[PDB]
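**Q** First to last, the protein sequences are chains E, E' and E''. A prime marks a further copy of an entry chain.
Start counting the first sequence at 1; every next residue gets the next number (the authors' numbering).
Start counting the second sequence at 1; every next residue gets the next number (the authors' numbering).
Start counting the third sequence at 1; every next residue gets the next number (the authors' numbering).
The beta carbon of each residue, even a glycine, is placed where N, CA and C say it ideally should be.
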Amino acid sequence: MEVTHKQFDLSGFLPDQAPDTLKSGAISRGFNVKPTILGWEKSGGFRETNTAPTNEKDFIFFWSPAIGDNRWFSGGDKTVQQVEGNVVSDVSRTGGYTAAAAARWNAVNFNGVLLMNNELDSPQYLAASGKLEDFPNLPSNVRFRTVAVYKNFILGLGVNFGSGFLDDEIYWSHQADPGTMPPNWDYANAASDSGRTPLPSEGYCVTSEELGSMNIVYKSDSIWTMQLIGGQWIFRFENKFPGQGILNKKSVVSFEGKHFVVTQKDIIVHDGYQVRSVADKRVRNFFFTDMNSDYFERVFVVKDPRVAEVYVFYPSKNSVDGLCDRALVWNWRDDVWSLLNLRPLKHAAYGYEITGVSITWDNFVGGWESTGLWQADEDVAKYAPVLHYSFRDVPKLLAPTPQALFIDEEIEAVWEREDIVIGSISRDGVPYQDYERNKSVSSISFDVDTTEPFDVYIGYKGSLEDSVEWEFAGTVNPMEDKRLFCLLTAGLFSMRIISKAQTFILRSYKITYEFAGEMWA
Amino acid sequence: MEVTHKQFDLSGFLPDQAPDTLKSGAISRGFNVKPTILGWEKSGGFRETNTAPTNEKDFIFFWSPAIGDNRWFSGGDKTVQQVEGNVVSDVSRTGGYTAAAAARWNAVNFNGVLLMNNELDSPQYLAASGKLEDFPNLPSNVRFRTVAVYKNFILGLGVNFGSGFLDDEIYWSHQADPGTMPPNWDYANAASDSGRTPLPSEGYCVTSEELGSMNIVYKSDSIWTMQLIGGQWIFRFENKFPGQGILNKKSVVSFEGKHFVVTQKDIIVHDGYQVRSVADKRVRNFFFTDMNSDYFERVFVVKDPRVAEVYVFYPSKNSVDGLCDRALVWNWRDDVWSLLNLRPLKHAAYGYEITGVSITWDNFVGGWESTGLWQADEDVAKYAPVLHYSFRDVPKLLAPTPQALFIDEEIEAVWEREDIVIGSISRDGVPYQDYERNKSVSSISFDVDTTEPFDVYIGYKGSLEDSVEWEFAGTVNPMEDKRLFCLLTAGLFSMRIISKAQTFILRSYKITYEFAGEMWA
Amino acid sequence: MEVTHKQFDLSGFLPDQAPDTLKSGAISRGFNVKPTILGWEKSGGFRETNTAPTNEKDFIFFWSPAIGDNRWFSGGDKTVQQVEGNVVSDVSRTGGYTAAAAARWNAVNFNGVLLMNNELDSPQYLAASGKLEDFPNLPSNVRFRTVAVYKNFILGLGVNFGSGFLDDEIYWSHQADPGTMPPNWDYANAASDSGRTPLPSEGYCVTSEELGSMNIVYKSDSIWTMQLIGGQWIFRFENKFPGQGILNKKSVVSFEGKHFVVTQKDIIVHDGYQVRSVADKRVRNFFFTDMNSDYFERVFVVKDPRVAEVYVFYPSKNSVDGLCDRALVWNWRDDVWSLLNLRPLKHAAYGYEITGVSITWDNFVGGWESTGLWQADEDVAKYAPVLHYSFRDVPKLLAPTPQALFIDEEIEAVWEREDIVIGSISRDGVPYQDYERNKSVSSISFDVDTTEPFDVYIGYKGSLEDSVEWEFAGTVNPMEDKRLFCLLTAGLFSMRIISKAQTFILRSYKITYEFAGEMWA
């Protein structure tokens with residue numbers, strides 16, 4: 001007359017399924033709790049990092065001119081900045097950058113030279129002068145949307161100079177010299193190798209042609225391929241998948257060995273020859289229907305190289321600034337999903353920070369003793385591409401931290417299984433739930449590795465046709481006790497778990513009950 | 001002495017099988033109720049869209065000359081129209097178009113230029129003049145049936161000028177310039193690349209050579225292939241499947257990555273190298289034998305990119321206008337079928353509508369404040385190719401809508417399982433029905449997620465050799481009760497379910513009974 | 001003490017196996033009853049079609065010079081005829097055709113031109129003159145056995161002019177012009193492309209080199225291949241299977257995507273690279289050993305495109321005219337076999353008939369109202385290649401019809417299972433029969449969907465070593481009763497089922513019994 005259920009069969013965040021038929025350990029509604037091998041885990045807590053922009057932080061990015069160097073650029077209206085040493089700003093173009101640009105620039109990586117492009121301003125590159133400047137032979141009339149990179153070929157982009165912003169692409173480069181754009185770029189002239197191509201299609205090619213060792217591919221609203229093996233006119237215009245179209249610029253595909261693709265319709269994974277949706281029957285519906293984004297853009301996705309996770313920051317209907325305040329998390333190493341809730345945030349990226357006190361040291365002494373070469377610090381994390389989040393409401397940035405505390409306040413956690421498979425247990429170890437038999441609770445006991453307490457709320461419902469109703473039960477510290485007593489009877493069984501704790505480790509649970517009647521209403 | 005049966009093993013619309021041996025949840029006779037993952041669903045309800053042709057609507061189509069633009073053309077006798085802004089008509093050819101043409105034109109897509117061809121009139125194209133006009137160097141004597149498209153090669157068609165309408169094809173184009181047909185077309189002259197080819201076959205090549213990234217293929221009554229890799233005379237005439245022939249022009253193959261093919265004999269799926277019927281033992285018989293179409297043409301099929309469904313509009317015998325009034329639905333993501341019943345309808349297509357009030361605004365003010373760029377609206381649905389249906393008996397078009405209501409009246413739903421697998425339940429969880437033992441009903445209870453009531457009808461039959469007879473039972477609102485009581489005994493057990501409701505969610509059901517005798521007659 | 005057995009596991013016509021060990025639903029002896037998915041079905045009934053030859057009908061064939069046209073040719077001694085409009089005859093060659101030719105001509109299809117060849121007469125082709133005439137430059141001395149077709153290459157045949165009828169082949173054609181044989185044919189002269197080849201082999205190449213998109217292949221008594229990819233002398237003589245030889249000219253391989261091959265030894269299926277017998281342990285023995293054909297030729301096979309069936313008309317020993325009167329039926333979609341019994345018949349083919357009253361209409365009126373373009377009729381069946389059977393004893397032809405009635409008389413049906421697997425039923429659902437225990441009958445009950453009655457005969461046998469003996473039981477109309485009572489005891493159990501009914505639908509049956517002793521003799 002008892003059922004014990006466990007949470008290490010590694011099911012994902014599964015809200016779209018028929019929630020009553022969910023297998024053991026499946027989650028109905030989640031709040032930023034991480035499903036892991038050992039069990040449910042807390043993935044939260046943030047250290048305060050040393051970077052400081054002292055200005056508007058719309059786009060942030062990490063790059064280095066040499067080993068041991070860490071530089072960052074913060075761009076805003078009229079303004080792009082620097083984050084290095086202890087001084088900022090004064091890298092933006094000569095004039096006021098352009099008319100109140102906001103969340104509409106772009107950043108790309110090509111060799112060691114850093115490149116930035118904006119919708120409203122011509123592309124400027126950074127050189128030894130320290131001032132962003134336009135390309136050498138590119139005529140002034142031009143104005144550009146988005147830029148991209150490829151093998152020794154800079155500016156794999158798709159927008160013309162002006163009056164023709166719709167559907168374009170130009171091989172701006174030639175066989176480039178690593179570290180500088182080609183001395184000329186001429187397309188119509190037959191000096192070397194360059195040209196302009198239509199690439200006919202109904203949709204508008206929007207952003208970079210993505211990645212892949214063998215070749216790079218992307219889409220306007222159906223995927224197109226590029227391969228430079230030919231010699232007559234290099235590259236071969238070709239297409240792959242007509243159906244798939246992409247919704248947003250920053251809805252980018254990942255740099256992982258596999259490609260993580262988000263579309264208007266579904267979420268698909270492929271590498272050029274075979275395709276499949278990453279989660280069709282599990283995640284597709286909730287991701288889109290959580291809200292009509294209604295601000296389609298500003299939805300961006302990054303990677304987490306350290307742990308096999310990828311985060312898609314998405315707006316909440318409740319959210320009104322258009323900021324995501326929420327993020328979809330999927331594990332690429334194993335097919336499990338998770339969902340998070342966070343403070344309002346604007347943009348995010350990964351990188352490293354090495355800051356420490358430097359020029360104020362005590363002994364003016366001679367150069368026969370060791371500096372230690374700027375010794376100490378996250379020397380370990382230099383390999384670790386820790387993420388950096390441009391939180392909307394803080395001047396200083398932060399980075400993730402195992403101890404689930406934001407700065408000094410703590411972040412919430414909620415665990416919800418709307419209904420449980422409870423009832424007759426058949427020949428197989430796993431039970432099957434009988435709807436017809438109404439049932440009474442006896443007791444609850446939880447398997448936890450931590451020591452911090454967690455609160456528990458209990459839900460009840462009359463019939464499946466009826467909705468859900470809520471009740472709260474006082475928490476219990478696991479150190480002294482493992483069980484709680486309550487008496488109730490309903491149609492289906494609901495418990496709601498909330499935790500304000502440093503660490504949460506859920507393993508399994510057991511429920512005692514008895515068949516004492518049948519279904520009425 | 002009770003059997004509980006569920007409807008989430010995802011069986012399709014299965015009328016052709018031996019209906020008594022159908023597995024749990026299988027449907028005997030369906031009425032536009034959608035089988036889904038969670039359970040049976042209602043797929044109906046229609047919003048009223050903003051388009052208005054003010055004329056006969058035979059063929060409708062969506063195209064755009066630029067991003068942000070939405071245009072539609074409505075063609076009829078003597079007449080083709082425009083749907084844009086707030087004015088219509090005045091696009092048709094200079095003279096009266098041709099002698100009372102009806103449901104006999106055709107539309108194709110090639111680059112951005114829109115092309116229309118009709119059986120009784122020479123092909124006219126639309127240009128900057130806004131008036132459809134004939135091709136530049138095509139001689140006037142010609143008269144054409146159907147046209148098609150391919151890679152940089154317009155007019156992949158198969159009908160000659162006149163007196164030879166039977167079996168033709170001409171490479172009307174050369175290496176075309178995107179946006180305009182080739183400056184000349186000459187086939188016999190050796191100026192460049194063009195020619196006329198027989199493609200011998202018994203049957204008449206009827207329509208477009210279909211699609212496919214690598215190449216396009218189609219049939220007269222056996223499939224033929226085209227591939228332009230060669231250079232001497234480009235293209236290589238070749239064939240693939242002798243057996244398969246197609247019945248109707250608008251019985252087109254889908255644009256999906258796989259090809260959805262309808263034939264005279266069967267319904268087959270392939271992509272060029274391997275073939276198979278989509279549903280041989282399940283759907284083949286009922287689709288054809290529902291009626292001898294007896295108006296073979298006007299049977300058209302479109303796609304639904306949003307949800308993995310395809311609809312084949314087909315006439316009902318009861319229908320006499322030749323209009324389909326019914327549609328066959330199959331899911332391509334998962335092999336499940338469904339069937340719908342609708343009002344009389346003439347033709348359907350997909351597209352988008354962005355209409356709103358514009359030139360009547362209040363403040364005549366200066367251009368320093370933002371229009372908002374025609375702000376608001378289905379900006380979300382701009383990616384969504386929502387279908388548009390040319391209903392026979394309405395001046396304004398409509399689009400599908402989750403709430404199952406047509407405009408203000410509501411659409412019906414009927415669920416029918418003629419016989420149920422009920423009886424001894426063996427070692428396996430699934431039961432097996434015993435014909436020999438006659439049985440008595442006890443009660444019925446239904447698992448439903450909605451709150452709206454649904455009516456229930458009960459059928460009885462003496463022997464399997466005997467037919468079916470019907471009885472009705474009063475509905476019950478699920479909010480207060482889940483069970484109904486009735487007493488009866490027959491050979492096999494029939495229940496008929498009908499619902500006039502906003503939403504219908506069927507999950508499972510249980511039947512209580514008892515073995516109280518054996519079979520008599 | 002009861003066994004229920006069903007007939008929807010889809011076993012074929014299986015007379016060769018050890019009949020007692022046959023699984024449930026297997027047939028011992030069949031009479032033209034069709035095994036289908038739902039169960040045993042009647043495949044019989046014939047409508048009277050409009051064609052009328054008014055002469056001897058040996059070979060019949062369907063062809064069309066244009067869309068909408070239906071023409072047939074009936075050939076006999078001295079005579080070949082036409083079937084079109086309302087007049088026949090007067091197409092045969094100028095003189096009396098040849099010396100009492102009978103069942104020894106041949107027909108082939110090449111482009112639109114119809115070709116006929118006979119053993120005793122030179123090949124004549126039909127042209128606009130309406131009179132069959134010899135080939136243009138073919139010298140008169142020639143006399144030919146069989147002719148064939150290939151890609152743009154007419155007359156892929158294997159018999160020389162005269163005095164050398166044994167082993168030949170000539171590439172009579174060149175790159176032909178579609179619609180007319182090549183202007184010359186010369187083989188020895190080096191004007192273009194033609195020649196004579198031995199193709200050494202022990203056996204005599206007898207008939208057409210069969211079909212296949214990639215290439216065509218056939219045999220004298222071991223299979224040979226032809227492929228024209230080479231250029232020096234086109235074609236490459238090659239062979240594939242030494243063992244397989246074919247017995248009769250009209251024992252042709254099918255046009256299906258797979259090849260249906262009948263041999264002297266076995267019945268094999270292949271497509272060029274892999275081979276296998278279609279039914280080795282099931283059908284091989286009975287087909288050959290039903291009778292020594294002893295008239296090897298006149299055994300012909302056609303296809304049924306509509307339903308996946310193929311019919312091999314074969315003589316019965318009882319038959320003495322040499323006419324088949326019987327036909328072997330196998331389903332290609334699923335590996336199930338069936339056997340039929342029919343009236344004496346000479347030859348069969350497929351085609352279409354569109355006949356109706358035409359020139360006798362009432363209103364001599366002007367051409368401003370619609371003929372309707374010869375409106376109405378089997379417009380649906382125009383896609384349907386319905387078979388046409390040259391029954392020996394009727395002037396007018398007939399076509400198959402669902403209602404099992406010949407013209408006004410009805411066709412018989414017999415169902416026979418010589419022994420049933422009856423006895424102990426083990427752990428598995430399927431029973432196993434015990435020979436040692438003699439057993440007594442109790443009752444019989446049959447599952448049928450129809451309403452028409454069927455008669456039942458009961459067989460008994462002492463020991464397996466003993467033969468079978470017969471008894472008859474009165475039929476029962478299924479409408480009122482489903483059971484019959486009889487008392488008997490034997491070694492093994494036999495029931496014989498016969499039906500003179502419009503439609504027969506067998507589903508399953510149950511037998512009640514008791515173990516009441518052991519085996520004696």
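Hey, would you say E:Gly39 sits closer than 8 Å to E:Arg483, going by beta carbons?
**A** In the first sequence, residue 39 of chain E corresponds to position 39, counting from 1. In the first sequence, residue 483 of chain E corresponds to position 483, counting from 1. Taking 8 Å as the Cβ cut-off, E:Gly39 and E:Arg483 do not qualify as a contacting pair.
**Q** Between E':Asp447 and chain E'', is any beta-carbon pair separated by less than 8 Å?
**A** Residue 447 of chain E' sits at position 447 when you count from the first residue of the second sequence. No, E':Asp447 does not count as interfacial toward chain E''.
**Q** Would you mind stating whether E:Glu353 and E:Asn50 have Cβ atoms separated by less than 8 Å?
**A** Locating residue 353 of chain E in the first sequence gives position 353, where the first residue counts as 1. Locating residue 50 of chain E in the first sequence gives position 50, where the first residue counts as 1. Yes, Cβ-Cβ distance for E:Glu353 and E:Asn50 is below 8 Å.
**Q** Where E'':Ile497 and E'':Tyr457 are concerned, what is the direct C-alpha to C-alpha distance, given to the nearest angstrom?
**A** Your numbering for residue 497 of chain E'' matches position 497 in the third sequence. Your numbering for residue 457 of chain E'' matches position 457 in the third sequence. Each residue's Cα considered, the two are about 6 Å apart.
**Q** Kindly confirm or deny that the segment 358-367 of chain E'' and the segment 48-63 of chain E'' touch, where touching means at least three C-beta pairs closer than 8 Å.
**A** Cβ pair count under 8 Å is below three, so no.
**Q** E:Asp335 and E:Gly12: beta carbons closer than 8 Å?
**A** If you number the first sequence from 1, residue 335 of chain E lands on position 335. If you number the first sequence from 1, residue 12 of chain E lands on position 12. Less than 8 Å separates the beta-carbon of E:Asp335 from that of E:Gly12.
**Q** Just to confirm before moving on: does the CB-CB distance between E'':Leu340 and E'':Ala327 stay below 8 Å?
**A** Indexing the third sequence from 1 puts residue 340 of chain E'' at position 340. Indexing the third sequence from 1 puts residue 327 of chain E'' at position 327. Yes.
**Q** Quick check on DSSP: helix, strand or coil for E:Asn341?
**A** Against the first sequence, residue 341 of chain E aligns to sequence position 341. It is a strand residue.
**Q** Name the DSSP bridge partner or partners of E':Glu2?
**A** Start at 1 with the first residue of the second sequence, and residue 2 of chain E' comes out as number 2. Partner(s): E':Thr512.
**Q** Determine, using beta carbons only, whether E':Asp168 comes closer than 8 Å to chain E''.
**A** Residue numbering aside, residue 168 of chain E' sits at position 168 when the second sequence is read from its first letter. Interface annotation, E':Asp168: not in contact with chain E'', CB-CB separation never under 8 Å.
**Q** Using a Cβ cut-off of 7 Å, which residues of the segment 36-49 of chain E'' contact any Cβ in chain E', in chain order?
**A** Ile37, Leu38
**Q** Determine the closest residue to E':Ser220 out of E':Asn70, E':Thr146, E':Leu14, E':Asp447, with distance taken between C-alpha atoms.
**A** Position 220 of the second sequence, counting from 1, holds the residue named residue 220 of chain E'. Among E':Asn70, E':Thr146, E':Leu14, E':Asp447, the Cα nearest to that of E':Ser220 belongs to E':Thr146.
**Q** Based on DSSP bridge pairs, tell me the residues matched to E:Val302.
**A** Position 302 of the first sequence, counting from 1, holds the residue named residue 302 of chain E. E:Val302 is bridged to E:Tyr311.
**Q** Quick one: is E':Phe241 near chain E'', going by C-beta distance under 8 Å?
**A** Working through the second sequence from its first residue, we reach residue 241 of chain E' at position 241. Chain E'' contact via Cβ: present.
**Q** Tell whether a beta-carbon distance below 8 Å holds between residue 526 of chain E'' and E'':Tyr435.
**A** With chain E'' covering only 1 through 521, there is no way to say anything about residue 526 of chain E''.
**Q** Decide if E'':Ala404 is buried, meaning its Cβ has at least 16 other Cβ atoms within 10 Å, or exposed.
**A** Against the third sequence, residue 404 of chain E'' aligns to sequence position 404. Under this definition E'':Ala404 is a buried residue.
**Q** Mark E'':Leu22 as exposed unless 16 or more other C-beta atoms lie within 10 angstroms of its C-beta, in which case mark it buried.
**A** Taking the first residue of the third sequence as position 1, residue 22 of chain E'' is located at position 22. It counts as buried.
**Q** Could you tell me which chain E residues have their CB closer than 9 Å to the CB of E':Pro178, listed as they occur along the chain?
**A** For the purposes of this step, residue 178 of chain E' is taken as the residue at position 178 of the second sequence. Per Cβ cutoff of 9 Å: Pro198, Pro200.
**Q** Taking the alpha carbon of E'':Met214 as the point to measure from, which residue in E'':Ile229, E'':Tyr204, E'':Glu202 has its own alpha carbon closest?
**A** For the purposes of this step, residue 214 of chain E'' is identified with residue 214 of the third sequence, where counting begins at 1. Residue E'':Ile229 is the option with its Cα nearest to E'':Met214.
**Q** Out of E'':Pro453, E'':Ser499, E'':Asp466, point me to the one whose CA is closest to E'':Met519's CA.
**A** On the third sequence, position 519 is the one that residue 519 of chain E'' refers to. Measuring from the Cα of E'':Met519, the nearest candidate turns out to be E'':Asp466.
**Q** Note down, one range per segment and in chain order, each beta strand (DSSP E) of at least 3 residues found wholly within the segment 177-206 of chain E''.
**A** none
**Q** Return no unless some Cβ of chain E' is closer than 8 Å to the Cβ of E'':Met214.
**A** Indexing the third sequence from 1 puts residue 214 of chain E'' at position 214. No - not a single Cβ of chain E' is within 8 Å of the one on E'':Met214.
**Q** List, from N- to C-terminal side, the beta strand (DSSP E) runs of 3 residues or more that fit wholly inside the segment 366-434 of chain E''.
**A** Within the segment 366-434 of chain E'', the complete beta strand (DSSP E) runs of at least 3 residues are 387-391, 398-400, 413-417, 423-425, 431-433.
**Q** Contact criterion: CB-CB distance below 8 Å. Does E'':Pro136 meet it with respect to chain E'?
**A** Along the third sequence, read from residue 1 onward, the residue named residue 136 of chain E'' stands at position 136. It does not; no Cβ of chain E' falls within 8 Å.
**Q** Can a CB atom of chain E' be found closer than 8 Å to the CB of E'':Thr451?
**A** As a working mapping, residue 451 of chain E'' is identified with position 451 in the third sequence. Cβ-Cβ to chain E' under 8 Å: yes for E'':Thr451.
**Q** Taking the continuous alpha helix (DSSP H) assigned at E:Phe287, which residues delimit it?
**A** Taking the first residue of the first sequence as position 1, residue 287 of chain E is located at position 287. Its alpha helix (DSSP H) spans residues 284-289.
**Q** What residues in the segment 278-301 of chain E have a beta carbon less than 8 Å from any beta carbon of chain E'?
**A** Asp280, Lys281, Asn292, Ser293, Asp294, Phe296
**Q** Against chain E'', does E':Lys461 count as a neighbour if the rule is that its beta carbon must be under 8 Å from one of theirs?
**A** Residue 461 of chain E' sits at position 461 when you count from the first residue of the second sequence. Chain E'' contact via Cβ: absent.
**Q** Can we say the segment 137-154 of chain E touches the segment 171-187 of chain E, given the rule of at least three CB pairs closer than 8 Å?
**A** Contact between the segment 137-154 of chain E and the segment 171-187 of chain E is present: three or more C-beta pairs spanning the two stretches fall below 8 Å.
**Q** Which residues, in order along the segment 99-121 of chain E', keep a beta-carbon less than 7 Å from a beta-carbon of chain E?
**A** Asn111
**Q** What residues from chain E' crowd round E'':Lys482, counting only those whose CB sits closer than 7 Å?
**A** Residue numbering aside, residue 482 of chain E'' sits at position 482 when the third sequence is read from its first letter. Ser463, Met519, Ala521, listed in chain order.
**Q** For the beta strand (DSSP E) holding E:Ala107, just list the boundary residues, first then last.
**A** Indexing the first sequence from 1 puts residue 107 of chain E at position 107. It spans 105-110 - the beta strand (DSSP E) in which E:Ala107 sits, taken as one unbroken run.
**Q** So E':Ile458 is in the beta strand (DSSP E); what residue range does that whole segment cover?
**A** Within the second sequence, numbered from 1, the residue matching residue 458 of chain E' stands at position 458. Note, E':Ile458: beta strand (DSSP E), 454-461.
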